[PDB]
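Protein chains in written order, with the numbering used here: chain A, 1 to 431; chain B, 1001 to 1048; chain C, 2001 to 2432.
Just so you know, even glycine gets a beta-carbon here, dropped at the ideal spot from N, CA and C.
The next block holds one structure in the form of structure tokens; read it before the comments.
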Amino acid sequence: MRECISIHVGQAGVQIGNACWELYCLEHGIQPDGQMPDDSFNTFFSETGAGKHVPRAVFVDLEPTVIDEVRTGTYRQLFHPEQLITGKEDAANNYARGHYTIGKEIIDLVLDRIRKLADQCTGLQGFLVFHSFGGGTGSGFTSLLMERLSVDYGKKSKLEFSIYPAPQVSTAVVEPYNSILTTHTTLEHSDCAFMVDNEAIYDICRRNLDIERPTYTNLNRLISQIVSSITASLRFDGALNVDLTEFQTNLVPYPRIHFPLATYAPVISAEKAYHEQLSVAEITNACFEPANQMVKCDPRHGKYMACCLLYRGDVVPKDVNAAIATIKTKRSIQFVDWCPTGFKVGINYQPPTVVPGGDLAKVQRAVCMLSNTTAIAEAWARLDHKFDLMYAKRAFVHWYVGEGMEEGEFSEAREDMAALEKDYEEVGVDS
Amino acid sequence: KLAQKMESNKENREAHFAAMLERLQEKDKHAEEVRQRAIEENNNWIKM
Amino acid sequence: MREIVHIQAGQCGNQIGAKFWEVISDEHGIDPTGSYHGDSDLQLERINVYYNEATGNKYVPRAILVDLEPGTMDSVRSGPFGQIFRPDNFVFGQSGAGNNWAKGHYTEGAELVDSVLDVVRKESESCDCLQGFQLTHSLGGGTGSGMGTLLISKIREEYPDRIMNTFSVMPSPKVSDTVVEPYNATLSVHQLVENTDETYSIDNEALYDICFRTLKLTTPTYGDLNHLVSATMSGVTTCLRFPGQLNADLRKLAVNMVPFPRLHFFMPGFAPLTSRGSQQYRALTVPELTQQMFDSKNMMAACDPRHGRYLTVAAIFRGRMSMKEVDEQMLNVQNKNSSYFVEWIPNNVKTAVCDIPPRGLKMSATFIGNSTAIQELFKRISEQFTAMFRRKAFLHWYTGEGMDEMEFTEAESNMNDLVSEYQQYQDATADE
Ligand SMILES: Nc1nc2c(ncn2[C@@H]2O[C@H](COP(=O)(O)OP(=O)(O)OP(=O)(O)O)[C@@H](O)[C@H]2O)c(=O)[nH]1
Ligand SMILES: Nc1nc2c(ncn2[C@@H]2O[C@H](COP(=O)(O)OP(=O)(O)O)[C@@H](O)[C@H]2O)c(=O)[nH]1
Ligand SMILES: [Mg+2]
């Protein structure tokens, strides 16, 4: 019934996956061995003959290090060994190695495992793909996998949770190249993609959680909370829900314009105790503050095409409508002329669950806003400019060419990004 | 679509390593040549 | 990506290589018998990058020791950690190279090369996932220089897809054992430009100047110079041998450091500068460590970094310190010294912090820079070369081995092209 397969690619994808699956287990009361003392959680967890609950997920990395930690860690019994796939040699921060050289060796094995998971589904909705833009596996292997999934799965829904690179936490000078190459190749294969800018997350951890030097553990716990908000509607049966198809219908007006901006509230430090409890009005107001965004950009300089508000916990429809009405009186929120119905609201009964010993405080109510704004084009522009700086000198290009890539592929990828930026511009113009 | 992208890739890495060994094998053909020359001139010296 | 195969060639190569193995064995808590006696799990996490695990608790360096002369090998075996090495891995000739690149590259070296490849193949086929090779050698001699570059070419032929890394010691008139060093160096540089993926330019001119001027050692010995080399080699390999995010393997390091294939010559830097005896010392804070990155006094290549621009920089901080302070200090240096970093390579300075400091120091910093200022080192060699070549001085030593004048002209022209290439990117602008 309505199953969703989660695929975690490369270090970023695998590590975010660890955070997501840890949180899902806490939310559904599943122990680290798969035992548990609703029924919608079955969309994400299959059940064995021994009453054990197994994530409907595949973890893939071209190097074994990251996944080796999962298979030695607290949740080693949660996953069956066959769903944790590792190669020997990584993609060395090279899209060409991930997509071609190294990727081509493990691709058939990964698809065979996904096929086995799909065979356990009676109503497979589609896939959720988690990866970084910057790493060779996250970029190269993901686009290879996305292409192969379109072949094997016809027109089955594919949603992404993409880690947009940040210099504060960047590991490669070539991340802009890998980001543009993966975006070009994956664009025609993805139905909806939620970008997570590592700088936005880094700044929220510093500002809201008082973490001087945020680590991936800090970043992922916060990311996991937003992913859980987006997936709660699939894993629980509330008063107001949204399936794989309804997300796309409400937020995606054109095939290529499939990048919603996520904004989460409240993000409160596990200290204080006075900084709560926030009302529905207060958390809703926080969604329109650029400081709570998952991607750095300015919506006041862009136009909205769709706004989805996903509430969780002690929330009443009357409270929500009152909050939306006051926000509507703040003239500053502009929508495109071809869009009337702006607000789609969902309420899920369960208050946000936090990881014990985590940085986040327990709150009675939280909200995740998914908005399709033309302001997200600013994130593409920043990436495209960094690409152009290096590409004008062909700096580092030899690494890709050496792996069998052609320079024409770089021009093609960049032209496609120029067309994407042009699409966001065309969409914001009035008729 | 992918077949004529990865085959066009496998061809463009076989070439970027063909041009390697081919042009770094004559780098042994020359090291044989001046090396033959090394004791050849030494021999025709004793010829005088 | 796991195993690195280490090769030591010639007098200098073996001397520096032996010191590298005693320094890293001490850091990884390995004694001269191969037994681990340390007390930190970090020491063993990536032990397999440099050591093979032999029967039981023992660790053996994945090192091949090469020389055309037997004496150096005996000195290594007799040394402190001499017994740690694999006996079968010592490959030595009886007929030396006599500080002649031609003997090392074409004659005597060619006769020994196959015996060396046999040992490197044994080590390589044992590997789960071979990253590539690491060679330590001098460029001024005959074995390290000529045979070393011959080995690079032969290994490259059999392993064309593996990373080729070198620690190449540049000759200097200040610490010279032969008048022909400019010829040997030029002939070797020609080989390295074409055959390596990354080369650490370890300059004896800079090492001598540090010992004499900074360490106040009136008469520096190879022992004094080698103490700076081993501190540098330990620093630049930190990322490969301990758990980390940045430049964790040879390929990731190359991908982050090499924007253009030929421009793969690194200028290493180290802070604080210490002498063998100096086990004092009480100093070095984070702002102090960071300031020495632009300090010409701390460079292992005799070039002023302020005379050029950094294409890419890798900086490794070692010891117990604040990661926040390191990030602030590193950003400050790039903002203040904007003009010494190329604008067309965004976020080109990458930093890593390792909790384990090197021996004797509580805090240290290692810099790996790909700077256009390295052209000063190559210009110095070209001018010394031309002074001799103009008069065809000592050419009979090389032509007598079967070499032709053209090879000399070609090597020189290739090295001048390299200088011209550095100058081109030094002058390039992000005007687009
Ligand atoms: N948020 C977050 N970002 C991460 C994490 N790990 C890596 N990243 C980011 O992803 C990029 C680096 O790519 P990786 O995922 O580490 O690399 P990879 O996919 O394993 O690919 P290769 O190692 O090259 O084979 C950088 O922008 C990092 O900041 C993580 O756990 N969380
Ligand atoms: N730093 C350093 N340089 C050395 C050492 N031994 C020799 N050299 C230098 O290496 C060059 C001479 O080459 P050498 O290694 O002795 O000759 P080979 O045995 O034929 O490789 C000159 O530039 C010397 O100054 C040493 O132990 N340390
Ligand atoms: Mg990785």
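Closest in alpha carbon position to C:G2369, among C:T2312, C:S2138, C:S2172, C:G2096, is C:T2312.
With respect to chain A, the C-beta atom of C:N2332 has no partner C-beta closer than 8 angstroms. By the Cβ neighbour-count rule, A:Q125 is buried, with 16 or more other Cβ atoms within 10 Å of its own. In chain order, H2105, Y2106, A2110, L2150, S2153 make up the part of chain C whose C-beta sits under 9 angstroms from the C-beta of B:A1031. Sorted by position in the chain, A:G10, A:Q11, A:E63, A:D90, A:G135, A:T137 make up the residues whose C-beta lies under 6 angstroms from a heavy atom of ligand 3. Placement of the Cβ of C:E2108 at a distance of 7 angstroms or more from every heavy atom of ligand 2 is found. With respect to the 8 angstroms criterion, C:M2267 and C:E2198 are not classified as neighbours on the basis of their beta carbons. Note on A:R115: under 16 other CB atoms within 10 angstroms of its CB, so exposed under the neighbour-count rule.
For C:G2244, the secondary structure class from DSSP, reduced to helix, strand or coil, is coil. By a beta-carbon distance limit of 8 angstroms, A:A19 does not contact A:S229. Their separation comes to about 13 angstroms.
When A:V355, A:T86, A:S157 are compared, the shortest CA-CA separation from A:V60 is found for A:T86. DSSP places A:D384 in the uninterrupted alpha helix (DSSP H) bounded by 377–391. Boundaries of the beta strand (DSSP E) around C:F2167: 2163–2170. Restricted to the segment 42–127 of chain A, the alpha helix (DSSP H) segments that are unbroken, complete and at least 4 residues in length are 65–70, 103–118, listed in chain order.
In terms of beta-carbon proximity, B:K1027 lines the interface with chain C, with at least one pair separated by less than 8 angstroms. Bridge partners of A:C4 according to DSSP: A:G126.
Residues of the segment 132–161 of chain A whose Cβ lies closer than 9 angstroms to any Cβ of chain B, in chain order: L144, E147, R148, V151.
DSSP, read as helix, strand or coil, puts A:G313 in strand.
Here the alpha carbon of C:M2233 sits roughly 15 angstroms from the alpha carbon of C:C2354. Within its own chain, the residues whose Cβ lies closer than 6 angstroms to the Cβ of A:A377, once the five positions on either side in sequence are excluded, are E421, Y424, listed in chain order. Not one heavy atom of ligand 2 is found less than 7 angstroms from the C-beta of A:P260.
In the three-state scheme derived from DSSP, where H, G and I count as helix and E and B as strand, A:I333 is classed as coil.
About 12 angstroms separates the CB atoms of A:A166 and A:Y216; that is not less than 8 angstroms, and the two are not in contact. With contacts defined as CB atoms closer than 8 angstroms, C:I2202 and C:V2236 fail to qualify as a contacting pair.
The DSSP assignment places complete beta strand (DSSP E) segments of no fewer than 3 residues inside the segment 2264–2341 of chain C at 2265–2271, 2310–2319, in order along the chain.
Here the distance from the Cβ of C:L2273 to the nearest heavy atom of ligand 2 is not below 7 angstroms. Per DSSP, the continuous alpha helix (DSSP H) segment holding C:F2389 begins and ends at 2375–2389.
Nearest in C-alpha terms to C:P2243, of all of C:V2060, C:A2254, C:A2314, C:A2352, is C:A2352. In this structure, A:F127 is the residue among A:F127, A:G135, A:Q168 with its C-alpha nearest to the C-alpha of A:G154. With a contact defined as Cβ atoms closer than 8 angstroms, C:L2139 and C:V2189 qualify at about 7 angstroms. Inter-residue distance for C:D2177 and C:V2023 is about 26 angstroms (C-alpha atoms, whole angstroms).
The beta carbon of C:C2303 sits no closer than 7 angstroms to any heavy atom of ligand 2.
Across the segment 185–203 of chain A, no CB contact with chain C closer than 8 angstroms is found for any residue. In the pairwise beta carbon analysis, the segment 2181–2188 of chain C is classified as touching the segment 2410–2423 of chain C: at least three pairs are separated by under 8 angstroms.
The DSSP-derived three-state label of C:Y2051 is strand. For B:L1002, the nearest CB of chain A lies under 8 angstroms from its own CB, placing it at the interface with that chain.
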